[PDB]
Ligand SMILES: *[C@@H]1O[C@H](CO)[C@@H](O[C@@H]2O[C@H](CO)[C@@H](O)[C@H](O)[C@H]2NC(C)=O)[C@H](O)[C@H]1NC(C)=O
Ligand SMILES: *[C@@H]1O[C@H](CO)[C@@H](O[C@@H]2O[C@H](CO)[C@@H](O)[C@H](O)[C@H]2NC(C)=O)[C@H](O)[C@H]1NC(C)=O
Ligand SMILES: *[C@@H]1O[C@H](CO)[C@@H](O[C@@H]2O[C@H](CO)[C@@H](O)[C@H](O)[C@H]2NC(C)=O)[C@H](O)[C@H]1NC(C)=O
Ligand SMILES: *[C@@H]1O[C@H](CO)[C@@H](O)[C@H](O)[C@H]1NC(C)=O
Ligand SMILES: *[C@@H]1O[C@H](CO)[C@@H](O)[C@H](O)[C@H]1NC(C)=O
Ligand SMILES: *[C@@H]1O[C@H](CO)[C@@H](O)[C@H](O)[C@H]1NC(C)=O
């Protein structure tokens, strides 16, 4: 009855405990998979948490009739976020009866999803007048949940959490956790610095970046340096060694022995992938 | 809490020249010993910049935030107490607060009810041989607060320069700064400084007008000696020169004068003797004329569309429409149709074209 | 009341109206007049119902 | 401009009826007629069409009818022969002009026929 | 910790009562209050939630209950009018922020309405 809306933003939405914890009996998201949550960014989230009857949890899912969905909490069929529910009889059960958790019982009409009607003025079931505060056909619209430690299956208090959020109408400020990998130099690696793509070899640099500068570019406006985002340091980027391969050969009717020239390639990178060697001479035109 | 300080001397907003100030780093990309041209919202070279005092005279008018604003405050004996941002400033929409102090700074973003005279109070010499601060009146209440982090202090005749550039692109509020001593020269100093960025704010709202905030009963009062500069930025290409250290030691306005245009085309600061082709010349139109035949009879779209008898598909009714003024707006705006598709033209532009011959095929 | 054309020898050219009620030669072996399980009527009716 | 269909009285099985579809127009000879059939509450169907040079009937009325033209009057007429009690329908008549596609649909006439 | 509760007592019909709910803290301008009552031997039902500056009451407490808050001393006063014997209940008052956190449980005071 008294669900409250929370503003969640400017943070990171890692579920490393939320999904890997067994305390939630149903990690259900109707728009995304549990795996895709950490790999995707999101927008402002209106988290909704409440405890309802165990046999009425079907009314939490959209497109369902009943007193709960009609009177206190309705959801739309296009819901995208996550609904998390489990059993919390111990957490929210009272020895005398946990009747604080209340569900609305009567309304003039069925409401719409995401509506807060705290106004509860006189309601009449029939056409007979209902003046003052009491009278015939003036039935109370609120009933307490039967939350007791002796409740059976489907009758114990079940905590339900709804991570309802809307997208495509606000700037994206919340993303999933961002991973890091052990840094390696002097090797041709597929680097990824703050989302930057490309392949190259990392190398400690003599360049002195300014504190706010995170990228280095030459006259051709292509990246050649990058500031390390964890341990601030500037690393040169050099394209992995390449060049044409030329086969020095005499005539076939003279001999079938050939020599191979790796144009513009130092002899060190030749055996990376005639890589055995046994004949090496590094000229100015290649190996 | 807010008090209307209505006592001020009638001074019109003076002007002055912004010689070579307002250049920041347009991007976080290191460049070494190279000259680079990038076009963004910069402060024009040798532009006229608004002149404000604080004397007696308390200048604090609402000013628009059209596409970036340059703020410089040659204000010794610090009394500058932040800025106002937003579009409504009456608690209906989200608004931005920036403040300052000796060792603290707060960036406050809420739907703020701003009074017509928002200022920070400063009492004077309470027998404690020092000035203390209290009684700040910038808003009334905090209704919808979202973004409220606390940074570290940035507080460093006049001897301090506090040139700040505020830009809001894609909802990201950018702040640039640079502090350097000033030796006389009451106007903007004759020197080139680059404003390193300070913060980036994911506000995601629209800012259309701003306001400055200063320190400080109310009627018949004198403002402390202050002077701050307000210039407006427009999109103009520049040519920024980076040294070995990577700092912008000089820049050229690509559209200032023909020499600057030639420097911009040659991508160099020094220009060899000769003739250089530059951007082309043209005369822009001064007024737009429209000439249509003065036929007054409205086209028979009424019975073309709302005809009760629509024939079969193999007997599609072809009606001739000509020699009339056809108003397609009434058809387009009326959403009673489930499919209003035009292929060779656009439905919105139909009210500007005069057609040779129109066929109507109703079925 | 709304009838449509269904049988024709070929695709009609753009902006062409064909109202010929003559029997289409549907079958491989031509049949003339009325119809059987062949040379059926080229007009069928929309079953427009609320 | 319009078409009116009158007739369809009460007759006996095997009798002859004379139904006329007089048309308000001036070139109805070009507007060849098509006769349509609807059962009393069942799916619709066609009957016949004297499309100028030749004719075309339906499976239920195959050759049993003598379709006629009144070109000097710009009216159409159908002759009903070998009538059956299973042909209790509401015959129609329609014509669409060649130029400026348009319909002149009528109203209908009962084809009630007794059985004994 | 807990929420301090007072204002309860045993009174006859037509009297005046004023329940009190005070929540310690420094953010009273953003606090939201939800009320409840639990009759002895009967169900515990919601009474009145005053959130932000909005007020509302249930069927049996509308008009009878005049909810109010004191921003100066973090006090909530509920004026009690039109005492009814069936409303004898223990009232649990709740305090929370706009998020719904900072949940402290009120002990509840003994309120009794005497019949005549
Ligand atoms: C990000 O975290 C890493 C690890 O916590 C920081 O690296 C440490 O930095 C301190 C300060 O120089 C060193 O004493 C440690 O030896 C570093 N540890 C490792 C594992 O590298 C790093 O400084 C943090 N990022 C920033 C910008 O400070
Ligand atoms: C000095 O100024 C700072 C802000 O730049 C003050 O700190 C904040 O002041 C606002 C004003 O309402 C409060 O809402 C924040 O809670 C304050 N934050 C902190 C961390 O203090 C600071 O109070 C000022 N100092 C004095 C002595 O007034
Ligand atoms: C780039 O910055 C560095 C450091 O601020 C400058 O190098 C120092 O300059 C001072 C002043 O001449 C010398 O006393 C130091 O010995 C220099 N240190 C080093 C390590 O060189 C440098 O001059 C700056 N370069 C430019 C072009 O501004
Ligand atoms: C190579 O020499 C042989 C000698 O028998 C000759 O037949 C052949 O044509 C020669 N090939 C070329 C390409 O000259
Ligand atoms: C700035 O405005 C003043 C207004 O009088 C004008 O005189 C001056 O020429 C302007 N500056 C420039 C560079 O045009
Ligand atoms: C045609 O009908 C629609 C809806 O019945 C109406 O909105 C429109 O105004 C009509 N056309 C004219 C020309 O009045």
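For chain B, we keep the numbers from Swiss-Prot: what you see runs 14-68, 77-177, 185-244, 254-400, in order.
Every residue, even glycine, has its Cβ placed from backbone N, Cα and C.
Taken from Swiss-Prot, the feature disulfide bond covers B:15-B:136, B:131-B:166, B:291-B:301, B:336-B:361. The N-linked glycosylation site annotation in Swiss-Prot covers B:17, B:61, B:122, B:149, B:165, B:234, B:282, B:331, B:343. Marked as O-linked glycosylation site by Swiss-Prot on the basis of experimental evidence: B:323, B:325. Positions annotated as region 'Disordered' by Swiss-Prot, on the basis of a curator's inference: B:142-164, B:319-335. Residues or ranges marked as region 'Putative superantigen' by Swiss-Prot: B:280-301.
Mapped onto this structure are the features recorded in Swiss-Prot.
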residue: B:136; record: disulfide bond; DSSP (3 states): coil
residue: B:149; record: N-linked glycosylation site; DSSP (3 states): coil
residue: B:165; record: N-linked glycosylation site; DSSP (3 states): strand
residue: B:234; record: N-linked glycosylation site; DSSP (3 states): coil
residue: B:282; record: N-linked glycosylation site; DSSP (3 states): coil
residue: B:291; record: disulfide bond; DSSP (3 states): coil
residue: B:301; record: disulfide bond; DSSP (3 states): helix
residue: B:331; record: N-linked glycosylation site; DSSP (3 states): coil
residue: B:343; record: N-linked glycosylation site; DSSP (3 states): coil
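Under 8 Å, Cβ to Cβ, and six or more positions away along its own chain, residue B:136 (disulfide bond) finds B:15, B:17, B:158, B:160, B:161.
Sequence-remote contacts of a segment are chain residues at least 6 beyond its ends whose Cβ falls under 8 Å from one of its Cβ atoms, and for the region 'Putative superantigen' (B:280-301) they are 36, 38, 43-46, 50, 52, 55, 57-59, 220, 222, 273-274, 308, 313, 315-316. Same-chain residues lying 6 or more positions outside the region 'Disordered' (B:319-335) and placing a CB less than 8 Å from one of its CB atoms are 360-364, 391. Checking the recorded positions B:17, B:131, B:282 against chain A with a Cβ-Cβ cut-off under 8 Å leaves B:282, in sequence order.
Other C-beta atoms found within 10 angstroms of the C-beta of residue B:165 (N-linked glycosylation site) number 15, with every protein chain shown included. Of the candidate recorded positions, B:331, B:343, B:361, the one lying closest to residue B:166 (disulfide bond) when CA atoms are compared is B:343. Most other Cβ atoms within 10 A: among the glycosylation sites B:17, B:149, B:234, B:323, B:325, that distinction falls to B:234. Less than 8 angstroms from the CB of residue B:291 (disulfide bond) sit B:50, B:52, B:273, B:274, B:275, B:276, B:297, B:298, B:301, each of them six or more residues away in the same chain.
Residue B:336 (disulfide bond) carries neither a helix nor a strand DSSP state and counts as coil. When the recorded positions B:61, B:234, B:301, B:323, B:325, B:336 are checked against ligand 5, B:61 have a Cβ within less than 6 Å of one of its atoms. Checking the recorded positions B:122, B:166, B:336 for a CB within less than 6 Å of any atom of ligand 3 leaves no residue at all.
Rounded to a whole number, the distance between the Cα atoms of residue B:61 (N-linked glycosylation site) and residue B:323 (O-linked glycosylation site) is 26 Å. The glycosylation sites near ligand 2, defined by a Cβ under 6 Å from one of its atoms, are B:122, chosen from B:122, B:165, B:282.
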